[PDB]
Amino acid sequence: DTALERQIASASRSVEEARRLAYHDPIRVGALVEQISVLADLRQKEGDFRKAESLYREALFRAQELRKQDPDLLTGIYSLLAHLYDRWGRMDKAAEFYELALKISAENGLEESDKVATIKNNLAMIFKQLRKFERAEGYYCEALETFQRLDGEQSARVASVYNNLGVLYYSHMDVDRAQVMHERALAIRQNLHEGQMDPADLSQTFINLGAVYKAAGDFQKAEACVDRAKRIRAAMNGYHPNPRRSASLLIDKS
């Protein structure tokens, strides 16, 4: 009867439908993956990680059986398993599966793809957790260049990698390079207002700039940043005046 059980029933039917569809027409594998991602998400939320893993393995087996091999699809499926392992807390396995994704792409054309740049970013982050800074930096830079060539310099994805490098440099106390990265991220993030970027990312950049400036001994610019982040986080509640001529009806909240 619970909300999560309802979401699961719906997601299961939708997966079962995509399974049957791929029984009648074995080529429709991409759509099965999409439906699986939603159900796998829900299984993760309830902590059934083995069920989530089974779903992605099933997606993978279908992709592997295609008569025309689709490396891009396999790359994506491996990255979904990698992310699953990451949320599960199996950090080595997450790195291993992102690396498998990258190897499939490197062997076919897909070096400079959307998926690949994403994978390299996510893999770099796992390497940060593995405390392998040089490997993390390498992959972040590659993700950065690829997103630069794919999207403009002026894009959410470029600013995200800048941010991630910033935190990497900051965590290894390379304060100078952290600063450059977070400022480049700030520059981009200001120029992008609509639903192509939520304002909470902009607040993170100020927050991160704050810690960087404070580490640099510029406590002034530090507080200015921490202030502007607070202004942003406050401004996403929205002000709704209640103009009136008498008191509102009170609810006893005890």
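Note that residue numbering follows the sequence shown and begins at 1.
- When the two stretches 178 to 186 and 135 to 143 are set side by side, the higher mean Cα temperature factor goes to 178 to 186.
- For the pair 231 to 239 and 14 to 22, the record assigns the higher mean C-alpha temperature factor to 231 to 239.
- The PDB entry assigns its highest CA temperature factor, among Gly210, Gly47, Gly30, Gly195, to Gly195.
- Per the deposited record, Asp201 carries the highest C-alpha B-factor of all listed residues (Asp41, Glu53, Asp201, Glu65).
- When the modelled residues of the chain are ordered by C-alpha B-factor, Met173 sits in the highest third.
- Annotation for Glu153: CA B-factor lies in the highest third of the chain's modelled residues.
- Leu74: CA B factor lies in the lowest third for its chain, per the PDB record.
- Ranked by C-alpha B-factor against the other modelled residues of its chain, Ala82 falls in the lowest third.
- Annotation for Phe61: CA B-factor lies in the lowest third of the chain's modelled residues.
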